[PDB]
Amino acid sequence: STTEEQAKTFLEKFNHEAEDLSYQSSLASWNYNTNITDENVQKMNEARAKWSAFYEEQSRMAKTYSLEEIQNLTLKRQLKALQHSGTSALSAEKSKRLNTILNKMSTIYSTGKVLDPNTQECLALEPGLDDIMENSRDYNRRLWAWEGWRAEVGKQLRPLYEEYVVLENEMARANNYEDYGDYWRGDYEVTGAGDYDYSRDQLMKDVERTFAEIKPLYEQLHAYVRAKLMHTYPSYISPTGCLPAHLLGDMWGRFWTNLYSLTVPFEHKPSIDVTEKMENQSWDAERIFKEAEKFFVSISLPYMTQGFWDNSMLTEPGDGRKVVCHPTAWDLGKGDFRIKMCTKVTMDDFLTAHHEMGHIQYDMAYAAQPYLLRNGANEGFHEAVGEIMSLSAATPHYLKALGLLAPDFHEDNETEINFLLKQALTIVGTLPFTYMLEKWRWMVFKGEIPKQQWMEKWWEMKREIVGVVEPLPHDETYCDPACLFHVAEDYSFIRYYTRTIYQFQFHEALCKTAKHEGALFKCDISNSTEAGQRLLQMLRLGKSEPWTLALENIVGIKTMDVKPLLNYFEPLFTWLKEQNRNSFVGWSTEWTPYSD
Amino acid sequence: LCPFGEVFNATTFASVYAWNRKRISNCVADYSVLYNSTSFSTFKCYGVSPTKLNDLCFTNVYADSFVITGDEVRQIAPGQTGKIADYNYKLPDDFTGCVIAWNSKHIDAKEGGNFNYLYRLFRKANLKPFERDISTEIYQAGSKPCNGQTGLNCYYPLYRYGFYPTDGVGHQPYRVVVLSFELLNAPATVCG
Ligand SMILES: *[C@@H]1O[C@H](CO)[C@@H](O[C@@H]2O[C@H](CO)[C@@H](O[C@@H]3O[C@H](CO)[C@@H](O)[C@H](O)[C@@H]3O)[C@H](O)[C@H]2NC(C)=O)[C@H](O)[C@H]1NC(C)=O
Ligand SMILES: *[C@@H]1O[C@H](CO)[C@@H](O)[C@H](O)[C@H]1NC(C)=O
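Residues numbered from 1 in each chain as written, not as in the entry; some residues may be left out. Chains lettered and ligands numbered in written order. Heavy atoms only, no water.

As documented in the archive entry, the model was determined using X-ray crystallography at 3.98 Å resolution.

**Student:** So what exactly am I meant to see when it comes to the domain arrangement of chain A here?
**Tutor:** Reports of interface size often rely on the accessible area that becomes lost once the parts have come together. Residues and elements named next belong to chain A. For chain A, the domain assignment lists domain 1 (4-84) and domain 2 (273-410). Taking only C-alpha atoms, the centre of domain 1 and the centre of domain 2 are 28 Å apart. Domain 1 puts 20 residues into the contact, and the matching count from domain 2 is 21 residues. Where domain 1 abuts domain 2, roughly 1900 Å² becomes buried across the two surfaces, and 65% of that area is made up of carbon and sulfur atoms. Of all residues in domain 1, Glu19, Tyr23 and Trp30 bury the most surface against domain 2, accounting for 35% of the area lost on that side. Counting across the domain 1 and domain 2 interface gives two salt bridges. (Domains from an automatic or database assignment. Contact = heavy atoms within 4.5 Å. Buried area = accessible area lost by both parts, 1.4 Å probe. Salt bridge = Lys/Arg side-chain N within 4 Å of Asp/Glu carboxyl O.)

**Student:** What am I meant to see in the pattern of salt bridges here?
**Tutor:** Any two side chains of opposite charge can pair, so long as their charged atoms come close to each other. All names here are of chain A. Overall, the coordinates contain 33 salt bridges over all chains when judged by the stated rule. With a shortest N-O distance of 2.7 Å, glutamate 19 and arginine 374 are connected by a salt bridge. In this pair, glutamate 19 is assigned in helix α1 (residues 4-35) and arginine 374 in the loop between α13 (347-365) and α14 (381-393), connecting sequence segments 355 residues apart. Assessed through its relative accessible area of 12%, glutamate 19 is described here as buried. Note that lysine 451 and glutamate 162 form a salt bridge whose closest N and O atoms lie 3.1 Å from each other. (Helix = DSSP H or I, 4+ residues; strand = E, 2+ residues; numbered from the N terminus. Buried < 20%, exposed > 50% of the residue type's maximum accessible area, 1.4 Å probe, protein only.)

**Student:** Explanation requested: the UniProt feature "binding site: Zn(2+)" in chain A in the structure shown.
**Tutor:** Residue and element names in this part refer to chain A. What UniProt calls "binding site: Zn(2+)" maps, in this numbering, to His355, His359 and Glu383. The annotated residues occupy 29 residues of the chain but converge on a single region, no pair of C-alpha atoms lying more than 8.3 Å apart. Here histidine 355 lies in helix α13. Only 3.0 Å separates the side chain of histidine 355 from the side chain of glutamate 383, close enough to count as a polar contact. (UniProt positions renumbered as here; feature names shortened; annotations may be inferred. Polar contact = N/O pair within 3.5 Å; in protein donor to acceptor, adjacent residues only side chain to side chain.)

**Student:** Just to check I follow, could you spell out the layout of surface pockets for this structure?
**Tutor:** In this approach, a probe sized like a water molecule rolls over the atoms, and the result shows the empty space that is left. Taken as a whole, the second largest pocket spans an internal volume of roughly 870 Å³. The wall of the second largest pocket is formed by 30 residues, among which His16(A), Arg374(A), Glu72(B), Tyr119(B) and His171(B) lie closest to the centre. Sorting the residues of the lining of the second largest pocket by element identifies α1 and β4 (328-333) of chain A together with β9 (158-160) of chain B as the ones contributing at least two each. Top contributing element to the lining of the second largest pocket by residue count: α1(A), with four residues. (1 Å grid on protein atoms, 1.4 Å probe; cavity = no way out; pocket = protein on both sides within 12 Å on 5 of 7 lines; lining within 4 Å. Points joined across faces, edges and corners; volume = space filled by probe spheres on them.)

**Student:** Teacher, can you tell me more about empty space enclosed by the protein here?
**Tutor:** Residues and elements named next belong to chain A. Applying the stated criterion across every chain, the model contains three cavities of 30 Å³ or more. Estimates place the volume of the largest cavity at around 50 Å³. In terms of lining, the largest cavity is formed by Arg150, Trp252, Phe433, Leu437, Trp458, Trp459, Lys462, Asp480, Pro481 and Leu484. Put simply, the parts of the chain that give the lining of the largest cavity at least two residues each are α16 (413-446) and α17 (454-464). Per element, the largest residue contribution to the lining of the largest cavity is three residues, and it comes from α17.

Here it is, written out as structure tokens:
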């Protein structure tokens, strides 16, 4: 007698208990994020504590159920997911030491502070330093802030990160993974699916192959941006060298978005900002979200539940409380779907409403799944589904069709090439940054980097992979990786690279089924019912099927392809190729701003 | 007059696993008013249209009232399967009555959760028609005895519906009254 039946009954218990418990927890989390008081912090904490204790209970129930004898794939997947036990494998002492280290690092990051020689005032990342790195054109305050961050804060995290790698390497080797990097890569693992499988190292191989296919586009973006920044900082930049890490738009060069002002190809053509016309036509938050609803419904997607319209916070409360205004899409469960957003009447918040309501659409589609499979196929699917909506909604065709733009309104390639260049500064710019960050973390966990070469490798890989040189020599007393929110606080990073590639596979596929003519960026998916149906045949899956199968359900391809990304950017590609006809493409890795 | 007001307008309904039965006898019933109330999201009769059973006489009537999620209201019908149909309230294949049902979100849902209503999640076998099982014996799923306690392969057979005034329509509370009409050799005391 196969205990499969016992595991069936156990999962039937788990679904129904966890439903109410996670509903409690999500509701208390909401009430803190909608009221934000000490009472509400306490209620949210108690709800989450009951929920987390329920997991420490039920994961350890599920450990017994041997996955091997579960031939109803769903069951095996629910049990596998619940049996991802992580830190419970470690000794209680070491679980506590690692939680101690993680809390230390996270609070160091969120509370670190560096001091002006200027004002003797001691700034911080989110207030002062980020405004410096995003809005400053002075070479020297950007260098000051960059370096002071990596020194006052990065140095304190260094031994914490060493012991962190140590303990989580043990924590991974306890769950039969080869290292913590393999543990994280265990997200994309697919097993027991003839023709649809996916090993944990094929993520390595696919990421490397597709980044190789990305390299030329990035090299020409890099040459062009180096040229413009050399025009805006001549004595500091080499025409052939890497980019000084502190001059890249934010504290890390993660996104080059804040460089657009210096790198805009056509500096005098009108940028599409419909925020003025929305204010001109007496639109409010209700109107923005109604229009997003209409967009989705045009594509044969369901309407928002009235509980959504009754329970979502779409305006600055400005009544009796304060709110964490970070736009979030909530799936509390039991058919309750909500959106937090302190919405302004702006084109940015308009597209953001489309993005968050796309998260909502993904949630509502797979609500018929068993909780444990109520999620994106893998970690990057959700945000890609969110991003393709903003793509389809920022297009002239859409903006005209909703009447937020003139019916005669056209758009001049200059305008279009400006838009593509901005899109590349944000999207293409983060791809090598992210690939190399995660490659360095992965190798550190694998052991391929000795502790005493920890940064020496990092910056070599900044010179080699991302074409970015540090402006000051850094010894192992630093830990400039950990200087990013994600590394200091233990998050897998490859999700952004995979999400980027997924969103363009998706948007290309849906624009094909839409019967879209012309270049792929302007494609609207509105009114393309067929595109929405092709998309739903993936959304309703959740993670009940392998992510290779979920991807095939949209793009007909079982794996990750940059050809849709390259097709999206081919006009800007052919633009950079002829701009750079009097420039050096690539980078020598030996030039540094500090050989003087 | 028949006391349908106390079956339908009852202040609180029973949990579906202890479904309430009221016997109806020796009274005149007007069923046309129960339907033309137009306040029932479900009023589906598998015996005869509500028209003739105002023009008809039965020996006993049975009003079975309880509460179940809207998505589960499809199970209160002959020939259906699911949790509620197998382990709570079963209608026979030759069922000759009506199923009436309305949305009780304004009554059975409250902020923070209304855990008053239960339902049976596991059972050894399926119910016969019009059977009621209200035992709280821990469901043994594996082969080790439970010793009357929840644990490994050992679960309480009853779980609580969470009726919130924010749930989706299908996870909202619904009040159901199933009307059964019988004929015997005894004279018919229920007419209209
Ligand atoms: C695709 O879906 C969009 C959804 O927004 C449709 O947009 C608008 O759809 C209406 C109804 O078909 C079109 O008729 C217009 O109604 C307005 C109402 O103010 C009226 O002023 C116009 O003279 C016209 O009668 C409307 O043209 C259209 N919007 C625009 C900017 O064209 C769109 O029609 C759908 N595509 C179709 C049906 O091919
Ligand atoms: C927020 O919390 C306060 C307690 O500080 C409470 O009085 C209020 O009812 C809560 N809800 C709101 C303001 O919507």
